[PDB]
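Take a look at the structure set out below.
Chain naming here is simple, since letters A, B, ... match the order of the sequence lines and numbering starts at 1 in each.
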Amino acid sequence: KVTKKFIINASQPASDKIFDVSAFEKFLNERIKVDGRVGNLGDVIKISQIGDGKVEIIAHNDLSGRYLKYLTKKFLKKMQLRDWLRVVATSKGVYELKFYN
Amino acid sequence: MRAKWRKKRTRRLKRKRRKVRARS
Amino acid sequence: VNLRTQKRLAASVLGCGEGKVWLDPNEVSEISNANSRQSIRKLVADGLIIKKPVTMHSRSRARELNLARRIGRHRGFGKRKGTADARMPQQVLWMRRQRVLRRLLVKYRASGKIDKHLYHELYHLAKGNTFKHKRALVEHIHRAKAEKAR
Amino acid sequence: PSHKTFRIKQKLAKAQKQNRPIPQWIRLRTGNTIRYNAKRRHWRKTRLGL
Amino acid sequence: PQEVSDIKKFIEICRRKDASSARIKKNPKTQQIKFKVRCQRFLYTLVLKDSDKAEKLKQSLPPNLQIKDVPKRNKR
RNA sequence: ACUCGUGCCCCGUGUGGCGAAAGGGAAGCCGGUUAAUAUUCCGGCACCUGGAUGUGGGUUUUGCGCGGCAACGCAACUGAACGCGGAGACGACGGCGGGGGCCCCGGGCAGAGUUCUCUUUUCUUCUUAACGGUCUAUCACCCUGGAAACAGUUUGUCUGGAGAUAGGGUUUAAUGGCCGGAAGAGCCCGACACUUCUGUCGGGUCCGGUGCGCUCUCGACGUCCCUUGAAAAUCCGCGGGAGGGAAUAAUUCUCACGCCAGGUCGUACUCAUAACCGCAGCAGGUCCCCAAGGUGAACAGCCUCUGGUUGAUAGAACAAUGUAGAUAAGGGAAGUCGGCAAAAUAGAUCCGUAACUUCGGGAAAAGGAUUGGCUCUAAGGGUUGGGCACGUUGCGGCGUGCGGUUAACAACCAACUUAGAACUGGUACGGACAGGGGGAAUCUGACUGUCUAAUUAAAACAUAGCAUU
Ligand SMILES: [K+]
Ligand SMILES: [K+]
Ligand SMILES: [K+]
Ligand SMILES: [K+]
Ligand SMILES: [K+]
Ligand SMILES: [K+]
Ligand SMILES: [K+]
Ligand SMILES: [K+]
Ligand SMILES: [K+]
Ligand SMILES: [K+]
Ligand SMILES: [K+]
Ligand SMILES: [K+]
Ligand SMILES: [K+]
Ligand SMILES: [K+]
Ligand SMILES: [K+]
Ligand SMILES: [K+]
Ligand SMILES: [K+]
Ligand SMILES: [K+]
Ligand SMILES: [K+]
Ligand SMILES: [K+]
Ligand SMILES: [K+]
Ligand SMILES: [K+]
Ligand SMILES: [K+]
Ligand SMILES: [K+]
Ligand SMILES: [K+]
Ligand SMILES: [K+]
Ligand SMILES: [K+]
Ligand SMILES: [K+]
Ligand SMILES: [K+]
Ligand SMILES: [K+]
Ligand SMILES: [Mg+2]
Ligand SMILES: [Mg+2]
Ligand SMILES: [Mg+2]
Ligand SMILES: [Mg+2]
Ligand SMILES: [Mg+2]
Ligand SMILES: [Mg+2]
Ligand SMILES: [Mg+2]
Ligand SMILES: [Mg+2]
Ligand SMILES: [Mg+2]
Ligand SMILES: [Mg+2]
Ligand SMILES: [Mg+2]
Ligand SMILES: [Mg+2]
Ligand SMILES: [Mg+2]
Ligand SMILES: [Mg+2]
Ligand SMILES: [Mg+2]
Ligand SMILES: [Mg+2]
Ligand SMILES: [Mg+2]
Ligand SMILES: [Mg+2]
Ligand SMILES: [Mg+2]
Ligand SMILES: [Mg+2]
Ligand SMILES: [Mg+2]
Ligand SMILES: [Mg+2]
Ligand SMILES: [Mg+2]
Ligand SMILES: [Mg+2]
Ligand SMILES: [Mg+2]
Ligand SMILES: [Mg+2]
């Protein structure tokens with residue numbers, strides 16, 4: 001088995017208290033689909049939180065980073081933060097939230 | 001081969017012979 | 001202010017059509033001073049001239065209909081316009097079948113399940129309209145070897 | 001057409017060097033009667049015969 | 001352009017009157033070293049995998065030849 | 001050869017020019033650059049012809065190379081007069097197979113659109129030139145051997161004692177795989193500088209599948225003719241054996257590398273509801289190349305992407321009479337010279353089909369039935385595996401001696417075409433587009449073809465057949 005890790009960094013909105021991680025961690029748990037179904041997150045996906053406004057994800061199956069980016073935008077749209085925050089890839093397997101100008 | 005091609009080769013031989021004479 | 005020259009120069013530098021060139025509405029005076037190709041490039045880098053994206057044309061409905069027909073959903077009698085031979089020509093059906101039947105006989109003869117005298121006789125039977133498909137040929141071979149056993 | 005011969009090229013050169021107005025100082029000479037150019041030609045008006 | 005197989009022939013090529021210049025290109029992603037010499041009619045390329053002979057080869061070249069290093073993103 | 005042009009010696013059947021920017025024909029590709037040119041300028045990397053020529057290699061000690069049974073191979077590897085041969089060099093149509101480009105499907109990394117709800121979602125980029133090296137690819141040819149219980153074999157019946165099947169080889173033909181060219185280029189993201197002058201730096205630029213698909217090109221087959229489908233310049237091979245040449249040098253070695261040069265004229269732009277011809281910025285006329293998605297048999301009609309237009313004097317009102325588009329109760333040609341105009345029929349599947357006839361037709365004769373949506377069922381294919389006993393080889397892969405025909409099994413992969421059943425609806429379903437009215441007879445020309453450009457397309461002309469001079 002091969003394990004992949006993905007990191008989402010939201011330090012700036014977390015420090016400004018506009019984006020909270022606990023709801024984001026909750027949003028990922030009951031939304032990610034495994035084998036076509038929701039709620040099948042068992043011993044294949046890990047959703048631990050590092051704590052400093054960062055979420056860490058461990059996958060044992062074939063998961064794609066673009067899938068995670070698709071979910072993050074969906075969360076931002078729901079909370080109506082789309083006009084100030086954008087999600088950008090800074091390195092391999094890491095996605096960061098940044099403010100507009 | 002064409003005649004112009006053969007004319008070049010015998011022309012070179014004649015020049016070389018007169019030059020090697022001039023050398024000698 | 002007349003900007004026809006600038007729009008023509010922008011399309012050449014951006015490598016697009018003139019219908020895809022965007023000029024900043026609030027910088028017309030600044031854009032009008034660009035007369036060379038070098039100055040057009042600098043205004044592109046600074047973000048006053050951009051290339052617009054293409055218009056949407058998706059095949060979602062197209063490939064949705066294709067999948068529904070793989071399980072027989074939109075192929076009734078009220079959905080056909082050409083003739084049967086136009087949709088599936090008979091000459092293609094015949095050509096496929098002969099290649100299938102001739103491929104089998106070479107396989108059996110090479111392994112050893114039949115000999116050349118039975119191979120030749122079955123070959124000309126297949127050229128005639130004897131065996132309907134691959135299953136019919138195989139059943140005929142088994143009965144032939146059963147009676148040859150006695 | 002882009003394909004041209006040298007004789008036709010020579011003719012076209014002369015036809016456009018003969019298509020300018022008269023200079024201004026010609027009109028101030030004593031006993032002058034020339035007003036304009038009476039042989040002006042335009043590609044949309046009159047066809048030159050080769 | 002033509003390829004050279006061994007090292008001995010490539011050294012003999014560089015000892016020719018019509019040898020104008022030479023350069024070294026290294027591809028770190030695939031770990032290759034390429035030696036190119038510019039002659040009258042052709043450009044000759046020699047491909048090496050290791051890196052313990054590149055400097056050995058470099059010092060064996062004649063001293064009058066000009067060798068560059070092919071910087072990334074060559075200016076127009 | 002000339003002392004130096006003057007002079008000698010051979011062959012002789014024949015002896016002008018113009019005429020093609022679509023015929024024949026030596027040689028260049030990629031990236032960048034301008035307000036306006038570029039296969040022509042800049043950078044890199046090549047090629048052809050002609051002319052001089054030196055090194056390396058090759059041949060020759062008895063003079064002009066070796067190898068293979070053979071088809072033939074190899075970096076070279078003498079060859080005059082005269083002669084023979086090949087290339088240039090050729091029709092239309094039909095189905096089939098290989099290759100490049102386009103279209104289509106699945107996965108991944110980046111960026112963008114939508115997000116009340118749904119959608120691991122929708123869209124875009126992911127490229128590789130000329131010129132070379134190396135390994136291969138139908139036809140055909142060579143060696144062994146000797147076929148009837150005849151065999152091989154195409155979608156399409158051709159091939160073989162004038163030598164098949166089979167085993168092993170040689171060779172024409174890349175727009176095929178890998179390498180040089182070449183990632184240093186081009187393209188997509190991100191982060192800083194910068195009045196300008198100026199820019200600078202990080203990442204990425206992958207992996208598979210499918211087909212009666214469209215377009216170009218190549219190959220092997222076939223059909224047709226009382227029709228058999230250009231010439232010349234130019235380039236090569238061979239038969240012959242004239243002349244010439246070394247033993248320390250010689251070499252008119254079609255091998256590798258090296259030196260020099262390539263004059264003259266055209267090249268902007270349009271090619272058409274405004275750049276040509278029609279008196280004009282005229283709804284007319286005027287030869288070609290490239291050719292996306294959906295529906296569908298389809299270059300039909302209808303909608304969309306790239307690219308391109310928004311240009312044809314306008315504003316207000318809704319009388320008669322018009323031009324163009326349409327619908328009408330009941331009757332159904334009573335109108336009119338005359339059914340003129342309009343209406344009615346129409347795709348596909350399954351039934352059914354007369355008189356007459358030159359036996360080929362008439363024939364889609366005439367006349368009937370079905371067709372949507374959803375949930376299922378069945379059929380039509382490809383690839384890979386097969387048990388012992390010896391010896392070699394970093395589970396070996398095989399040199400074998402065998403045994404056997406799994407009462408045909410297992411795993412994986414992939415589009416479409418056809419047939420049947422249940423359920424369901426204001427009985428509707430080729431729902432727009434697209435799309436034959438039919439029958440019984442008379443006159444006349446056999447048929448297909450042709451003409452009065454601008455009032456007549458016909459029973460007129462031509463035609464095969466027949467006869468005469
Ligand atoms: K020509
Ligand atoms: K210029
Ligand atoms: K030598
Ligand atoms: K030799
Ligand atoms: K011709
Ligand atoms: K083809
Ligand atoms: K093709
Ligand atoms: K193809
Ligand atoms: K397609
Ligand atoms: K070329
Ligand atoms: K025989
Ligand atoms: K056929
Ligand atoms: K065509
Ligand atoms: K001789
Ligand atoms: K030009
Ligand atoms: K041009
Ligand atoms: K033209
Ligand atoms: K279509
Ligand atoms: K269509
Ligand atoms: K009116
Ligand atoms: K009116
Ligand atoms: K009537
Ligand atoms: K009447
Ligand atoms: K119908
Ligand atoms: K009668
Ligand atoms: K006719
Ligand atoms: K007429
Ligand atoms: K007519
Ligand atoms: K007539
Ligand atoms: K007659
Ligand atoms: Mg048929
Ligand atoms: Mg001529
Ligand atoms: Mg020509
Ligand atoms: Mg030369
Ligand atoms: Mg000879
Ligand atoms: Mg390549
Ligand atoms: Mg090759
Ligand atoms: Mg054989
Ligand atoms: Mg390469
Ligand atoms: Mg790059
Ligand atoms: Mg132009
Ligand atoms: Mg045009
Ligand atoms: Mg017109
Ligand atoms: Mg005109
Ligand atoms: Mg279709
Ligand atoms: Mg009006
Ligand atoms: Mg009316
Ligand atoms: Mg009525
Ligand atoms: Mg009625
Ligand atoms: Mg009635
Ligand atoms: Mg009518
Ligand atoms: Mg009918
Ligand atoms: Mg009838
Ligand atoms: Mg007639
Ligand atoms: Mg008339
Ligand atoms: Mg008429």
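Side-chain N/O atoms of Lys113(C) include none lying less than 4.0 angstrom from OP1 or OP2 on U405(F). Phosphate contact (OP1/OP2 of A36(F), side-chain N/O of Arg8(C), threshold under 4.0 Å): present. One finds a side-chain N or O of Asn74(E) lying less than 4.0 angstrom from the OP1 or OP2 phosphate oxygen of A185(F). OP1 or OP2 of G266(F) lies within a sub-4.0 Å distance of a side-chain N or O belonging to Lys9(D). Under 4.0 angstrom from either OP1 or OP2 of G111(F) there lies no side-chain N or O belonging to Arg86(A).
Adjacent nucleotides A283(F) and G284(F) fail the stacking criterion: their six-membered base rings are not both under 5.5 Å apart at the centres and under 30° between the planes. For the neighbouring bases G338(F) and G339(F), no stacking contact is recorded, as ring-centre distance under 5.5 Å and ring-plane angle under 30° do not both hold. Taking ring-centre separation below 5.5 Å and interplanar angle below 30 degrees as the test, the adjacent bases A149(F) and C150(F) do not pass. Between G431(F) and its strand neighbour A432(F) the base rings do not stack, failing centres under 5.5 Å or planes under 30°.
At a threshold of 4.0 angstrom between heavy atoms, the contacts of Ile32(A) with the nucleic acid are absent.
Across the P atoms, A164(F) and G146(F) are found 13 Å apart, a figure rounded to whole Å.
Pairing check for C390(F) against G399(F): the Watson-Crick or wobble criterion is satisfied, both distances under 3.5 Å. Here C45(F) is matched with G28(F) as a Watson-Crick or G-U wobble partner, both contacts being under 3.5 Å. Judged by the 3.5 Å cutoff on both pairing distances, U223(F) and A246(F) do not qualify as a Watson-Crick or G-U wobble pair. With both hydrogen-bonding distances under 3.5 Å required, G186(F) and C374(F) do not qualify as a Watson-Crick or G-U wobble pair. No Watson-Crick or G-U wobble pair links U383(F) with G213(F) when both atom distances must be under 3.5 Å.
Distance CG (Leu43(C)) to P (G199(F)): 16 Å, rounded to an integer number of Å. For the pair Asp6(E) CG and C179(F) P, the computed distance is 21 Å after rounding to whole Å. Rounded to an integer number of Å, the gap from CG of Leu118(C) to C1' of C150(F) is 16 Å.
Checking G111(F), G132(F), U34(F) against every side-chain atom of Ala89(A), the shortest atom distance belongs to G111(F). Closest to the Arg109(C) side chain, of the nucleotides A183(F), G152(F), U117(F), is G152(F). For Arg2(B), the listed nucleotide lying nearest its side chain is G50(F); candidates were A183(F), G50(F), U34(F).
Taking the nucleotide of RNA chain F with the nearest heavy atom to each of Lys45(D) and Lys29(E), the more 5' of the two is matched to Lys29(E). Each of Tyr119(C) and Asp115(C) was matched to the nucleotide of RNA chain F holding its nearest heavy atom; the match closer to the 5' end belongs to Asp115(C).
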